[PDB]
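Asker: I'm passing along coords13.cif; it holds mmCIF, C-alpha atoms and all ligand atoms; chains and numbers go by the auth columns.
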data_query
#
loop_
_atom_site.group_PDB
_atom_site.id
_atom_site.type_symbol
_atom_site.label_atom_id
_atom_site.label_comp_id
_atom_site.label_asym_id
_atom_site.label_seq_id
_atom_site.Cartn_x
_atom_site.Cartn_y
_atom_site.Cartn_z
_atom_site.B_iso_or_equiv
_atom_site.auth_seq_id
_atom_site.auth_asym_id
ATOM 1 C CA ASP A 1 2.438 23.752 -19.901 0.00 1 A
ATOM 2 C CA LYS A 2 5.507 25.597 -18.676 0.00 2 A
ATOM 3 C CA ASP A 3 6.610 27.170 -15.415 0.00 3 A
ATOM 4 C CA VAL A 4 4.843 24.406 -13.526 0.00 4 A
ATOM 5 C CA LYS A 5 7.077 21.907 -11.768 0.00 5 A
ATOM 6 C CA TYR A 6 7.108 18.181 -12.432 0.00 6 A
ATOM 7 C CA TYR A 7 7.655 15.826 -9.521 0.00 7 A
ATOM 8 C CA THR A 8 8.422 12.119 -9.495 0.00 8 A
ATOM 9 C CA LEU A 9 7.289 9.249 -7.303 0.00 9 A
ATOM 10 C CA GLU A 10 10.842 8.382 -6.328 0.00 10 A
ATOM 11 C CA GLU A 11 10.914 11.833 -4.776 0.00 11 A
ATOM 12 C CA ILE A 12 7.432 11.943 -3.296 0.00 12 A
ATOM 13 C CA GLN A 13 8.295 8.631 -1.679 0.00 13 A
ATOM 14 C CA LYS A 14 10.486 10.754 0.562 0.00 14 A
ATOM 15 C CA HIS A 15 7.669 12.918 1.866 0.00 15 A
ATOM 16 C CA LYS A 16 5.617 9.873 2.785 0.00 16 A
ATOM 17 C CA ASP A 17 5.423 10.674 6.479 0.00 17 A
ATOM 18 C CA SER A 18 2.873 12.534 8.568 0.00 18 A
ATOM 19 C CA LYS A 19 5.196 15.521 8.658 0.00 19 A
ATOM 20 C CA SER A 20 4.939 15.628 4.883 0.00 20 A
ATOM 21 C CA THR A 21 2.290 13.401 3.347 0.00 21 A
ATOM 22 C CA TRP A 22 1.734 13.543 -0.394 0.00 22 A
ATOM 23 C CA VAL A 23 -0.688 11.678 -2.626 0.00 23 A
ATOM 24 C CA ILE A 24 -1.049 11.324 -6.377 0.00 24 A
ATOM 25 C CA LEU A 25 -4.491 11.416 -7.949 0.00 25 A
ATOM 26 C CA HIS A 26 -5.651 11.970 -11.509 0.00 26 A
ATOM 27 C CA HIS A 27 -2.137 12.130 -12.904 0.00 27 A
ATOM 28 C CA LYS A 28 -1.688 15.068 -10.560 0.00 28 A
ATOM 29 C CA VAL A 29 -0.011 15.547 -7.200 0.00 29 A
ATOM 30 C CA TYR A 30 -1.288 17.779 -4.424 0.00 30 A
ATOM 31 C CA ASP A 31 -0.461 18.902 -0.905 0.00 31 A
ATOM 32 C CA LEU A 32 -2.132 16.662 1.646 0.00 32 A
ATOM 33 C CA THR A 33 -0.075 17.811 4.607 0.00 33 A
ATOM 34 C CA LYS A 34 -1.857 21.138 4.310 0.00 34 A
ATOM 35 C CA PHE A 35 -5.119 19.350 3.613 0.00 35 A
ATOM 36 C CA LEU A 36 -4.647 17.025 6.563 0.00 36 A
ATOM 37 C CA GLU A 37 -6.929 18.959 8.881 0.00 37 A
ATOM 38 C CA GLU A 38 -9.053 20.176 5.993 0.00 38 A
ATOM 39 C CA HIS A 39 -10.142 16.907 4.428 0.00 39 A
ATOM 40 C CA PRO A 40 -13.682 16.058 5.552 0.00 40 A
ATOM 41 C CA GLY A 41 -12.532 12.452 5.478 0.00 41 A
ATOM 42 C CA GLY A 42 -9.770 12.461 8.066 0.00 42 A
ATOM 43 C CA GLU A 43 -6.017 11.975 8.045 0.00 43 A
ATOM 44 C CA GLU A 44 -5.447 8.245 8.345 0.00 44 A
ATOM 45 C CA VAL A 45 -7.329 7.788 5.093 0.00 45 A
ATOM 46 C CA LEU A 46 -4.766 10.009 3.413 0.00 46 A
ATOM 47 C CA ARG A 47 -1.772 8.581 5.238 0.00 47 A
ATOM 48 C CA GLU A 48 -3.081 5.112 4.475 0.00 48 A
ATOM 49 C CA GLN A 49 -2.195 5.864 0.873 0.00 49 A
ATOM 50 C CA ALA A 50 0.561 8.405 1.393 0.00 50 A
ATOM 51 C CA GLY A 51 3.271 8.778 -1.224 0.00 51 A
ATOM 52 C CA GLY A 52 1.472 6.309 -3.459 0.00 52 A
ATOM 53 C CA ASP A 53 -1.240 5.922 -6.070 0.00 53 A
ATOM 54 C CA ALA A 54 -4.655 6.276 -4.478 0.00 54 A
ATOM 55 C CA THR A 55 -6.703 6.201 -7.661 0.00 55 A
ATOM 56 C CA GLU A 56 -9.047 3.529 -6.362 0.00 56 A
ATOM 57 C CA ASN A 57 -8.744 4.812 -2.813 0.00 57 A
ATOM 58 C CA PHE A 58 -9.798 8.110 -4.344 0.00 58 A
ATOM 59 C CA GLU A 59 -12.464 7.044 -6.810 0.00 59 A
ATOM 60 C CA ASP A 60 -13.680 4.582 -4.205 0.00 60 A
ATOM 61 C CA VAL A 61 -15.595 7.406 -2.567 0.00 61 A
ATOM 62 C CA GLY A 62 -16.263 8.812 -6.016 0.00 62 A
ATOM 63 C CA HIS A 63 -14.739 12.124 -5.003 0.00 63 A
ATOM 64 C CA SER A 64 -17.105 14.918 -5.965 0.00 64 A
ATOM 65 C CA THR A 65 -16.187 16.928 -9.038 0.00 65 A
ATOM 66 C CA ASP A 66 -16.212 20.012 -6.843 0.00 66 A
ATOM 67 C CA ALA A 67 -13.115 18.434 -5.345 0.00 67 A
ATOM 68 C CA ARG A 68 -11.416 18.091 -8.709 0.00 68 A
ATOM 69 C CA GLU A 69 -11.703 21.863 -8.832 0.00 69 A
ATOM 70 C CA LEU A 70 -11.084 22.567 -5.164 0.00 70 A
ATOM 71 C CA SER A 71 -7.771 20.756 -5.433 0.00 71 A
ATOM 72 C CA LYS A 72 -6.638 23.620 -7.633 0.00 72 A
ATOM 73 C CA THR A 73 -6.518 25.654 -4.443 0.00 73 A
ATOM 74 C CA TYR A 74 -4.276 23.133 -2.728 0.00 74 A
ATOM 75 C CA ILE A 75 -2.207 22.569 -5.848 0.00 75 A
ATOM 76 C CA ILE A 76 1.482 21.739 -5.678 0.00 76 A
ATOM 77 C CA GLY A 77 2.532 20.691 -9.160 0.00 77 A
ATOM 78 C CA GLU A 78 2.320 17.918 -11.727 0.00 78 A
ATOM 79 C CA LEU A 79 3.488 14.319 -11.824 0.00 79 A
ATOM 80 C CA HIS A 80 6.360 13.458 -14.135 0.00 80 A
ATOM 81 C CA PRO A 81 5.193 11.993 -17.454 0.00 81 A
ATOM 82 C CA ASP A 82 7.694 9.169 -17.144 0.00 82 A
ATOM 83 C CA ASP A 83 6.373 8.488 -13.662 0.00 83 A
ATOM 84 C CA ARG A 84 2.732 8.222 -14.664 0.00 84 A
ATOM 85 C CA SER A 85 3.795 5.794 -17.365 0.00 85 A
ATOM 86 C CA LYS A 86 5.447 3.789 -14.611 0.00 86 A
ATOM 87 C CA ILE A 87 2.212 2.387 -13.236 0.00 87 A
ATOM 88 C CA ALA A 88 0.049 2.302 -16.341 0.00 88 A
ATOM 89 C CA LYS A 89 -1.747 5.497 -15.398 0.00 89 A
ATOM 90 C CA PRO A 90 -3.253 6.848 -12.169 0.00 90 A
ATOM 91 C CA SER A 91 -6.973 7.345 -12.659 0.00 91 A
ATOM 92 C CA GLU A 92 -7.825 7.222 -16.345 0.00 92 A
ATOM 93 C CA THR A 93 -5.299 6.968 -19.153 0.00 93 A
ATOM 94 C CA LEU A 94 -6.969 7.402 -22.523 0.00 94 A
HETATM 95 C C1 LIG B . -5.773 9.609 -1.138 0.00 101 A
HETATM 96 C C2 LIG B . -6.408 10.547 -0.678 0.00 101 A
HETATM 97 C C3 LIG B . -7.860 10.687 -0.292 0.00 101 A
HETATM 98 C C4 LIG B . -8.633 9.721 0.227 0.00 101 A
HETATM 99 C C5 LIG B . -8.183 8.302 0.534 0.00 101 A
HETATM 100 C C6 LIG B . -9.940 10.319 0.447 0.00 101 A
HETATM 101 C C7 LIG B . -11.010 9.621 0.965 0.00 101 A
HETATM 102 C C8 LIG B . -12.276 10.162 1.166 0.00 101 A
HETATM 103 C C9 LIG B . -13.387 9.440 1.715 0.00 101 A
HETATM 104 C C10 LIG B . -13.414 7.997 2.197 0.00 101 A
HETATM 105 C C11 LIG B . -14.421 10.297 1.774 0.00 101 A
HETATM 106 C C12 LIG B . -15.551 10.057 2.839 0.00 101 A
HETATM 107 C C13 LIG B . -15.342 10.323 4.348 0.00 101 A
HETATM 108 C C14 LIG B . -14.217 9.493 4.951 0.00 101 A
HETATM 109 O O1 LIG B . -14.484 8.355 5.412 0.00 101 A
HETATM 110 O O2 LIG B . -13.049 9.958 4.960 0.00 101 A
HETATM 111 C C15 LIG B . -13.955 11.577 1.250 0.00 101 A
HETATM 112 C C16 LIG B . -14.676 12.684 1.139 0.00 101 A
HETATM 113 C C17 LIG B . -14.268 13.899 0.645 0.00 101 A
HETATM 114 N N1 LIG B . -13.023 14.160 0.198 0.00 101 A
HETATM 115 FE FE1 LIG B . -11.475 12.883 0.138 0.00 101 A
HETATM 116 N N2 LIG B . -9.934 11.623 0.056 0.00 101 A
HETATM 117 C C18 LIG B . -8.679 11.892 -0.423 0.00 101 A
HETATM 118 C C19 LIG B . -8.266 13.094 -0.896 0.00 101 A
HETATM 119 C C20 LIG B . -9.007 14.220 -1.018 0.00 101 A
HETATM 120 C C21 LIG B . -8.519 15.480 -1.528 0.00 101 A
HETATM 121 C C22 LIG B . -7.161 15.823 -2.045 0.00 101 A
HETATM 122 C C23 LIG B . -9.590 16.357 -1.497 0.00 101 A
HETATM 123 C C24 LIG B . -9.529 17.779 -1.953 0.00 101 A
HETATM 124 C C25 LIG B . -8.980 18.220 -2.798 0.00 101 A
HETATM 125 C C26 LIG B . -10.691 15.636 -0.934 0.00 101 A
HETATM 126 C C27 LIG B . -11.931 16.155 -0.719 0.00 101 A
HETATM 127 C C28 LIG B . -13.014 15.482 -0.200 0.00 101 A
HETATM 128 C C29 LIG B . -14.351 16.065 0.023 0.00 101 A
HETATM 129 C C30 LIG B . -14.757 17.473 -0.291 0.00 101 A
HETATM 130 C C31 LIG B . -15.080 15.087 0.536 0.00 101 A
HETATM 131 C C32 LIG B . -16.670 14.945 0.780 0.00 101 A
HETATM 132 C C33 LIG B . -17.316 14.145 -0.378 0.00 101 A
HETATM 133 C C34 LIG B . -18.663 14.740 -0.789 0.00 101 A
HETATM 134 O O3 LIG B . -18.465 15.565 -1.807 0.00 101 A
HETATM 135 O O4 LIG B . -19.763 14.322 -0.433 0.00 101 A
HETATM 136 N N3 LIG B . -10.322 14.333 -0.667 0.00 101 A
HETATM 137 N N4 LIG B . -12.637 11.454 0.913 0.00 101 A
#
Rewrite the structure from the file as structure tokens, please.

Answerer:
Amino acid sequence: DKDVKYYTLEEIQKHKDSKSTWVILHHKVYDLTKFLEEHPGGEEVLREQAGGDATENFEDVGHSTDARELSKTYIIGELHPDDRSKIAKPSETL
């Protein structure tokens, strides 16, 4: 796809603080900071795995599919292709 913006981990690593907490899931990054007081799970959970792969931490609670679609709302961009291939692959790979 075009237009969309591709972010890298090296960058996200920056916004790894409460002020700006990001999380990568399903080879896709989203805005957690905005979904800090929206997540029916809490904040610590997110922070716990802020600016880092939370595939397991995500699939652990087998996030409902409705979430995979809800995320769209709180979308931010995509995760660099060279980044995803940096840690095998966050959630699935095929
Ligand atoms: C790394 C990040 C995340 C972690 C670690 C996480 C963890 C969890 C956990 C453990 C639950 C259960 C309640 C709790 O103890 O918190 C839960 C539920 C839920 N989470 Fe997350 N979550 C994350 C990100 C997200 C995101 C981005 C969304 C939305 C896009 C989301 C949407 C939901 C919803 C809707 C529920 C209720 C599950 C149900 O469908 O029954 N979560 N989450």

Asker: Written as an mmCIF file with C-alpha atoms, keeping the file's coordinate frame, which residues does the PyMOL selection byres (((chain A and resi 35-50) around 6) and not hetatm) give for the file shown?

Answerer:
data_model
loop_
_atom_site.group_PDB
_atom_site.id
_atom_site.type_symbol
_atom_site.label_atom_id
_atom_site.label_comp_id
_atom_site.auth_asym_id
_atom_site.auth_seq_id
_atom_site.Cartn_x
_atom_site.Cartn_y
_atom_site.Cartn_z
ATOM 1 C CA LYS A 16 5.617 9.873 2.785
ATOM 2 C CA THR A 21 2.290 13.401 3.347
ATOM 3 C CA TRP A 22 1.734 13.543 -0.394
ATOM 4 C CA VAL A 23 -0.688 11.678 -2.626
ATOM 5 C CA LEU A 32 -2.132 16.662 1.646
ATOM 6 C CA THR A 33 -0.075 17.811 4.607
ATOM 7 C CA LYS A 34 -1.857 21.138 4.310
ATOM 8 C CA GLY A 51 3.271 8.778 -1.224
ATOM 9 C CA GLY A 52 1.472 6.309 -3.459
ATOM 10 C CA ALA A 54 -4.655 6.276 -4.478
#

Asker: Once the PyMOL selection byres (((chain A and resi 63-68) around 12) and not hetatm) has been applied to the shown file, what residues remain in the selection, as a ChimeraX atom specification?

Answerer: /A:25-30,39-41,54-62,69-75,91

Asker: Distance atom CA of residue 77 of chain A-atom CA of residue 12 of chain A, one decimal place?

Answerer: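 Value for the atom CA of residue 77 of chain A-atom CA of residue 12 of chain A distance: 11.6 Å.
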
Asker: Mind giving me the straight-line distance from atom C24 of ligand LIG 101 (chain A) to atom CA of residue 15 of chain A in Å, one decimal?

Answerer: 18.3 Å

Asker: Using all atoms listed in the file, can you list as a CSV table (one decimal) with C-alpha atoms, keeping the file's coordinate frame the residues within 12 Å of (5.7, 27.8, -13.1)?

Answerer:
chain,number,residue,atom,x,y,z
A,1,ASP,CA,2.4,23.8,-19.9
A,2,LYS,CA,5.5,25.6,-18.7
A,3,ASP,CA,6.6,27.2,-15.4
A,4,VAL,CA,4.8,24.4,-13.5
A,5,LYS,CA,7.1,21.9,-11.8
A,6,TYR,CA,7.1,18.2,-12.4
A,75,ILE,CA,-2.2,22.6,-5.8
A,76,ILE,CA,1.5,21.7,-5.7
A,77,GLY,CA,2.5,20.7,-9.2
A,78,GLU,CA,2.3,17.9,-11.7

Asker: As an exercise, work out the distance from atom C6 of ligand LIG 101 (chain A) to atom CA of residue 18 of chain A in Å and give it to one decimal place.

Answerer: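 Result for atom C6 of ligand LIG 101 (chain A) versus atom CA of residue 18 of chain A: 15.3 Å, one decimal.
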
Asker: Please enumerate the residues selected by the PyMOL selection byres (((chain A and resi 87) around 12) and not hetatm) when evaluated against the supplied file, formatted as a list in words.

Answerer: residues 9, 24, 27, 52, 53, 54, 55, 80, 81, 82, 83, 84, 85, 86, 88, 89, 90, 91, 92 and 93 of chain A

Asker: Of the candidates A:79, A:31, A:10, A:19, which one gets nearest to ligand LIG 101 (chain A) if we count only C-alpha atoms and all ligand atoms?

Answerer: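 Comparing A:79, A:31, A:10, A:19 against ligand LIG 101 (chain A), the winner is A:31.
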